[PDB]
Amino acid sequence: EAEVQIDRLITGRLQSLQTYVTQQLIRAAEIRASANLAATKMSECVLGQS
Amino acid sequence: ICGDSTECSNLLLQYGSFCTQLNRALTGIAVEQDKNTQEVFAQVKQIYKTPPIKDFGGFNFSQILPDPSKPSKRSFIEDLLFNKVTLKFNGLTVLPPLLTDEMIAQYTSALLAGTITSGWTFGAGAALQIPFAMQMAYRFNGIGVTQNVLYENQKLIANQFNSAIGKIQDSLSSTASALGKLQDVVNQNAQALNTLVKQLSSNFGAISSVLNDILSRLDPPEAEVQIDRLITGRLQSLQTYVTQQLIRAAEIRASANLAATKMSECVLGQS
Amino acid sequence: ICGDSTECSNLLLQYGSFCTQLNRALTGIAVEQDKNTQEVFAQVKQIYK
Amino acid sequence: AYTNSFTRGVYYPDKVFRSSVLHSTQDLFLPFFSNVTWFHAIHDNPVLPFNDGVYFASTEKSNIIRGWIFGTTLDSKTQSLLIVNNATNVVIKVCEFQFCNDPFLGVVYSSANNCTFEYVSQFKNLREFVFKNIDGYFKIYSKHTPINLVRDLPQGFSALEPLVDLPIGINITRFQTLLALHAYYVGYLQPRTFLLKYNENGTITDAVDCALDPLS
Amino acid sequence: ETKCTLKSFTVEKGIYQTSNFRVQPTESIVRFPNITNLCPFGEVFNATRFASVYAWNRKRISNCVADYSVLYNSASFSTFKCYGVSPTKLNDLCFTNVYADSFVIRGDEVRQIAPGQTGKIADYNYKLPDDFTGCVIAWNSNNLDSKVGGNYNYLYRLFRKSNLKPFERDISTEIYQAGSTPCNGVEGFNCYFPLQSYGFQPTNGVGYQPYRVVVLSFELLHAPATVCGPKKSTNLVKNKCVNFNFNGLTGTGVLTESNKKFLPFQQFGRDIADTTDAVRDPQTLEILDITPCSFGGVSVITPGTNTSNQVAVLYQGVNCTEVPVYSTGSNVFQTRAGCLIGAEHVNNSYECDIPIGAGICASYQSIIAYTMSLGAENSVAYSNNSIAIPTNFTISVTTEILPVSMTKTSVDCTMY
Ligand SMILES: *[C@@H]1O[C@H](CO)[C@@H](O[C@@H]2O[C@H](CO)[C@@H](O)[C@H](O)[C@H]2NC(C)=O)[C@H](O)[C@H]1NC(C)=O
Ligand SMILES: *[C@@H]1O[C@H](CO)[C@@H](O[C@@H]2O[C@H](CO)[C@@H](O)[C@H](O)[C@H]2NC(C)=O)[C@H](O)[C@H]1NC(C)=O
Ligand SMILES: *[C@@H]1O[C@H](CO)[C@@H](O[C@@H]2O[C@H](CO)[C@@H](O)[C@H](O)[C@H]2NC(C)=O)[C@H](O)[C@H]1NC(C)=O
Ligand SMILES: *[C@@H]1O[C@H](CO)[C@@H](O[C@@H]2O[C@H](CO)[C@@H](O)[C@H](O)[C@H]2NC(C)=O)[C@H](O)[C@H]1NC(C)=O
Ligand SMILES: *[C@@H]1O[C@H](CO)[C@@H](O[C@@H]2O[C@H](CO)[C@@H](O)[C@H](O)[C@H]2NC(C)=O)[C@H](O)[C@H]1NC(C)=O
Ligand SMILES: *[C@@H]1O[C@H](CO)[C@@H](O[C@@H]2O[C@H](CO)[C@@H](O)[C@H](O)[C@H]2NC(C)=O)[C@H](O)[C@H]1NC(C)=O
Ligand SMILES: *[C@@H]1O[C@H](CO)[C@@H](O)[C@H](O)[C@H]1NC(C)=O
Ligand SMILES: *[C@@H]1O[C@H](CO)[C@@H](O)[C@H](O)[C@H]1NC(C)=O
Ligand SMILES: *[C@@H]1O[C@H](CO)[C@@H](O)[C@H](O)[C@H]1NC(C)=O
Ligand SMILES: *[C@@H]1O[C@H](CO)[C@@H](O)[C@H](O)[C@H]1NC(C)=O
Ligand SMILES: *[C@@H]1O[C@H](CO)[C@@H](O)[C@H](O)[C@H]1NC(C)=O
Ligand SMILES: *[C@@H]1O[C@H](CO)[C@@H](O)[C@H](O)[C@H]1NC(C)=O
C-alpha cells in the first residue's frame, strides 16, 4: 500500500511541476520579446539619429 | 467545484493553494489589458476643440468630426462601426473596463482636432495654429513633389477627397464582413467561456454529475473517492482554460503594441 | 488513445469534449501558418518577366 | 409492397423545455428516407418481430384498426399486453391470455389466468404511433393530426408527444394487430444521431440527420 | 484581512482583493403532486370474515401510495413487531409489490409466527421463510369471533411428517390413513382427519381467544418500484434566497413569477448548459422562474499602512440594497462597478490615483471618490491667415528602463 500512497504523491507533485514549467515558458517568451525591442532601440537611437 | 457543500471544501483544502495562483494570473492579465488600453489611447495632455466656424480651403470633414446631435457625441462612421458588429452564473464574473466609451470618443476627437488644426507639432510640445492648405503644402513637399503642384490643383484634390470619403462611407455602410477580426475575437472568447461552463455536466466516470445526488445516496467510504474523481477532473478543466486565456492574452498584447506603434508614428507625423 | 476499440471509446466519451478543442487548436495553427506564408510572399499583383 | 418514408418519425425525447436552441442528441429514431412495408390487408395480419420499438400509421377515418397485442409466446404461459379501444376509454390489460386464431374487434376472450394489472384512460386522419421499450418502461407516443402536404401520400414534418408510460417491465418480441369481422405501415428504428431546431414556443420545427449526407 | 492575505505587516497604497461574500439561504421548501392516490388497505384489516389457518387468504397489493404512520400509531392492535425494518422509516422506502396474508389463530399461537421457529402451525399450516418477512400484525377479535363467530368455522391441521416449505398451502382434504404396515399393521384403520376445530368459549382465557393475524411480505429490487410512501409538502415563498426540492429537482435560488408558457407535458425548462431556469409547481401548475442569488468578491482601497490606517471597502457587482462594522458605515456610493462604502463623494474632478473602474477612481487627500478627469482644456484659435513660430528652445533629458534578462534557474527532477 506504500506504493499506492507514493503514486498519489508522485502524481500531485507532477502536476505542480508541470504548471511551474509552463508559467516559466510564458514569462521567458515575454522577456525575449522585450529584449528584442530593447536591442532594436539600442541599435537605432544610439549609433545614429532617429 | 464545490457548489456550497461542506465536505467538498473539507476534501479540497488539502490540495494546496491552486486558487491563489489562478486568481493571481487572472488579475495579472486583467491589469495588463487595462494598461494596454490606457497606453494605446492616452497620448495627449489636453482636450482640444475644433473652431466653431470651419473653412478648410474647400475640404469637407463633416462626416468624420463629432456630432453634437448624438448624446454619445459619436461621429457618423463611429456609429456605423458600432451598429455593424454585435456579440454571472456559477462563479464566473466579468469586470467592467476602466475606460468607458465617452472618454474614448473624447480622446479620438482631441487627436483629430490636433492633427487637423496643428499638424505634427502638437506631438512635440505645445500645439501651434496653421492654415490647412499650408500644411498640405508641407506634406507634399515631404514626398518629393514640389509645393508648386498643390496650390495650382487645389479644387481637383478637394473634389477627389470628398468623393473618396463618400465612397468609403458607402462601402462601410453596404459591404459587410469587413470587420472579421473583432467578431472572431469576440466569438472565440464567448465560445471558450461557454465550453468551460458546459464541462460541468460531464460525469468524469462517477455515478452522477451532481454532488448532492451521490452525497444523499451512499456512505462516505466510496463517496470520498467519487468526489476526488470529480474534483481532479474539474481542476484539470479549469487549468486548461486558464492556460488558453494566457496564450490569447499574450497574442492580443503583441497586436496592441503594434497598433500603438502605428498610431504614434503615422497619426502624429508622416511615415 | 483507443486504437479502434469499443470499450475504450465508450469510456472516453464520458470524459467530456477535450478532443474538440484539441482538434480546433491544431486546425487553427495550421490555417495560421498557411496565411502566414501566403502573406509573407504574396506582395505583388502581377508577374513580371 | 414497399414505400419510402420521406421525413416522418421525430418525437420529443425527454421532458425538457427549450427555446430557439439547436440541440444535438443521439437516440433511437427512424432513419430518414427508409423503407416501410405498405400493407393493404382488405378484401391478412401476420406476426411481425418487435425489434426494439416500432413505427405505426394508418389513413382510414373510422374504427376498424382497433387493438395491438404484444407478447413473446402468444399464449397464456407468458403475460401478453392488450391495448384495445371502446370509443370512450382505452383499456390496457397485461394479464395472461391464450392464443387467438381470427380475433374480431370493433365498437377473442379466451382466459385470464394469473391476472396482475389493469389500466384505464380516455383527405382523412393519420394516426402516427411510436411504441418504444427501455429499462422496463413501455412508452407509447401518438399524433392524430393530418396535414395534406401531398394527397394520397404521407409527406410533411410532424412531431410526436408522449401520451402514456407503463412501468410494467416485461419482455416482448412479437406484436400483432387486431381487426373487425366482415392499410397500416410498419417501420423499424435504429440508434441514430439527430440535430433538432426548436421554435420560440418550444416546438420542434426541423430535424437533420447526422449520418446521411456529407452536407448533413 | 488585507494583512492576512498579503502575509505582511506593511501594506502599500493601492487596491487589494481579500475574499468574497455570498447571500446565505434562509429556509427550505419541498413540494409534491396535488393528489395522493391512496391504497385499499382498509378492506384488509376491517374485513368481515377471515378463513382458517390451513386455508389462509392471499392478496396482492401494488401501485399504491399507503402510509404506515397512520397505522403504526393506531392502538387497535394487540401486537405490531417487525423483523429488520424500522417502522418509523416505513414511509421512506419503495417496493415492487407486497403480499398480504390474512387468517385468525388462537391466543397462545401468536409467538409461533417467526422464521426458524418450531410449532404445529409454524411448520404444518404456514412456514415463514428463512429470511426477513415484511412483518406480522395481530389484534384481538373476541368481540366478533369469540362472541358471534361459528363454533367450528375455524380449523387447523394437526398433520405431521409433512413439513411445508415456506409459502405453501395444502387445502387438499385427504383422510390420513396410511394403508400400509406402519399403522397398526392394518389398512383402513388409523383414519383420522388431518384437520381439527378450535374449541372456544366466551371469555375462555388469554391463550385461547381469537386473534386476527395479517402478514405483509415485501418485494424489493425485483422490478421498478410501483408502491411507495407519501411525502409531505409545504407552501412556497417568493423573493428570498431559498433552497428547493421540486419533485426531486433540488437547487438554490430566488423564486419569481414568470411570463413564459409551457406545453402541457413538459416538467421544467432550461436555457443552455444544463442550467434550470423555469419550474412548474405540481399543486398550482403555475410556471415559476429561478434566479441565482447574488454573490461577489470584496476589495479594500488603502492609501498605505505608513501614511494612515483607514480604508474604503468596495463590493463588486452588487446593487446596494442588501449589503449586510461596515453595515451602515458612511455615505454609501452606488456606481456602475458595484457599491463603495467608507468614502465620500465630491463634485470636482482631478487626476487618477487608485483605479476603481467604470470611469471612477478614488484618492486620499479622508478618502474621496470622484470622476476621472482627462486633463487640461483649451481651444486653439484657428484662423486661415495666422501662424505661430517659436522663438526659444530648451533641451531636456529623459529616462527609459528596459529589462533584458531574468535569472537562470534549474530544478532537479528526481530529487524533488
Ligand atoms: C460635407 O458633406 C456632407 C455630407 O452629408 C454635406 O451634408 C449634406 O449636404 C447636402 C447639401 O447641402 C444636403 O442636401 C444634405 O442633407 C447634407 N447631409 C446631412 C446629413 O445633413 C455637407 O453639406 C458637406 N459640406 C461641405 C462644405 O461640402
Ligand atoms: C407562440 O405563441 C404565441 C402566443 O400564443 C403566438 O403568437 C400568437 O399568434 C397568433 C397567430 O397569428 C395570433 O393570433 C396571436 O395574437 C399571437 N399572440 C401573441 C401574444 O402575439 C405565436 O404565433 C407562437 N409561435 C411562435 C413561433 O412564436
Ligand atoms: C377500520 O375501522 C375503524 C373504525 O371505523 C377506523 O378507525 C377510524 O378511522 C377514521 C379515519 O379518519 C377516524 O376518523 C376515526 O376516528 C377512526 N375511528 C376509530 C374508532 O378508531 C380504521 O381507520 C379502519 N382501518 C382500516 C384499515 O380499515
Ligand atoms: C390542488 O389541491 C388544492 C387543495 O384543495 C386545490 O387547489 C385549490 O383549491 C381551492 C379550493 O379547494 C380552489 O379555490 C383553488 O382555486 C385551487 N387552486 C389550484 C391552483 O388548484 C385543488 O384541489 C387542487 N388543484 C389542482 C389543480 O390539482
Ligand atoms: C437597485 O434595486 C432598486 C430596487 O429597490 C432599484 O430601484 C429602482 O428605483 C426606480 C426609481 O424609483 C424605480 O422606478 C424602479 O422600479 C426601482 N427598481 C425596482 C426593481 O423596483 C435600483 O435602480 C437598483 N440599482 C441598480 C444600480 O440596479
Ligand atoms: C531662452 O530661454 C533661456 C532660459 O530658458 C533664456 O536664458 C536666460 O536669460 C536670462 C536673461 O539673459 C538669464 O538671466 C538667465 O540666466 C538665462 N538662463 C540660462 C539657463 O542661461 C534666454 O534668454 C531665452 N532666449 C531669449 C531670446 O530670450
Ligand atoms: C427498398 O430498398 C431497396 C434498396 O435499398 C430499394 O431498391 C427499394 O426501392 C426500396 N423500396 C422502396 C423505396 O419502396
Ligand atoms: C369497452 O370495452 C372494454 C373491454 O371490452 C371494457 O373493459 C370497457 O369497460 C368498455 N367501456 C365501457 C365504457 O364500458
Ligand atoms: C403470474 O405471473 C408472474 C409474472 O408473469 C409470475 O411471477 C407468477 O409466478 C405467476 N403466478 C402463477 C400462479 O403462475
Ligand atoms: C428479459 O430477458 C433478459 C435476458 O433475456 C433478462 O435479463 C431480463 O431479466 C428479462 N426481463 C423480464 C422483465 O422478463
Ligand atoms: C514611512 O515613510 C517615511 C518617510 O518616507 C520613512 O522614513 C519611514 O521609514 C516609512 N515607514 C515605513 C514603515 O515604511
Ligand atoms: C454637487 O452639486 C450639486 C448641485 O449643487 C448638488 O446637488 C450635489 O449634491 C453636489 N454633490 C454632492 C456630493 O454633494
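Numbering, chain B: per Swiss-Prot, residues 742-828, 854-1037 in sequence.
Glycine is treated like the rest: Cβ placed from N, Cα and C.
Among the features that Swiss-Prot reports, disulfide bond is placed at B:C743-B:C749, with the record citing experimental evidence. According to Swiss-Prot, the N-linked glycosylation site annotation covers B:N801, on the basis of experimental evidence. The feature region 'Heptad repeat 1' is assigned by Swiss-Prot to B:920-970.
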Original post:
Under the DSSP assignment, what numbers of helix, strand and coil residues are found in the region 'Heptad repeat 1' (B:920-970)?
Top reply: 43 helix, 0 strand, 8 coil
Subject >> Rounded distance in angstrom between the Cα atoms of B:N801 (N-linked glycosylation site) and B:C749 (disulfide bond) >> reply: 67
Original post:
Which recorded positions among B:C743, B:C749, B:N801 have CB under 6 Å of ligand 3?
Top reply: none
Subject >> B:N801 (N-linked glycosylation site), number of other Cβ atoms within 10 Å >> reply: 13
Original post:
Under a criterion of Cβ-Cβ distance under 8 Å and sequence separation of at least 6, what residues of the same chain contact B:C749 (disulfide bond)?
Top reply: B:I742, B:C743, B:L977, B:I993, B:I997
Subject >> Local backbone state of B:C743 (disulfide bond), from DSSP in three classes >> reply: coil
Original post:
Taking only the recorded positions B:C743, B:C749, B:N801, which have a CB closer than 6 angstroms to any atom that belongs to ligand 1?
Top reply: B:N801
**OP:** Count the other Cβ atoms sitting within 10 Å of the Cβ of B:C743 (disulfide bond), across every protein chain shown.
**Re:** 17
